[PDB]
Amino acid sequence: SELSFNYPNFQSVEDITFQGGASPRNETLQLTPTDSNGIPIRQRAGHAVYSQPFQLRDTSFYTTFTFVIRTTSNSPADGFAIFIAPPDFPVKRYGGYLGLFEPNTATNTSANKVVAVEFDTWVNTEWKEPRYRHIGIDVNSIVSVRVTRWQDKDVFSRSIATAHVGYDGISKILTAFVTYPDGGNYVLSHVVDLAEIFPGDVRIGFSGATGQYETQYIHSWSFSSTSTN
């Protein structure tokens, strides 16, 4: 279906739904909570989602957002993701599940219906991950199907980074480009038939999780989807 929205900043959150630990703060989307002294709260997850559902049959889309990761230690956890899931998808487990999976089913592709681009700050021992911080494409599992090294210089930069995520509904390819101002650039693409996974309605949004010593903020977000016919 056709949907477009545009938040050049989050001085408005008019169409955003907040769930779990996520809230509007400092004219951003703050995905995980901080205490009264600004300290990241451990073992929490949050979602901030565009409230209106859309459909993916015979559709392409483009979305872009800017983000900051604030860390208070050399051992931050766990990161965040942009995701697509059905409209009733809730905030799931905190920690390495990224708010997107339940522990009992996190690597069982038949038991999930969620696609994400993850920004992973903590190498988990509990399932297969690369031994470095990474950006990945997740299809129905916390074990990414396509993963690339995320440089620690960029992780810890405190810069406002940009992500571009597109889906070509003809070739059935999901792509992410991630760019840092005067830092790294990252490119990942994967063939995945989203309309097969999601024959009905979906919502798009962000999920963050702790972990420890980390807060994730979305600074701007725009989206457009168009028919392929």
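Note that residue numbering begins at 1 and tracks the sequence as displayed.
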Please compare 79-87 with 154-162 and name the stretch with the higher mean C-alpha B-factor in the deposited structure.
154-162
Given the B-factors recorded for C-alpha atoms, which segment has the greater mean, 59-67 or 33-41?
33-41
Can you tell me which third, lowest, middle or highest, the CA B-factor of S51 falls into for its chain?
lowest
Here the Cα B-factor of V202, set against its chain, lands in the third termed middle
Sorting the chain's CA B-factors, does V145 end up in the lowest, middle or highest third?
highest
Looking at the temperature factor on the CA atom of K92, which third of the chain's modelled residues does it land in?
lowest
Modelled-residue ranking by C-alpha temperature factor, third containing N229:
highest
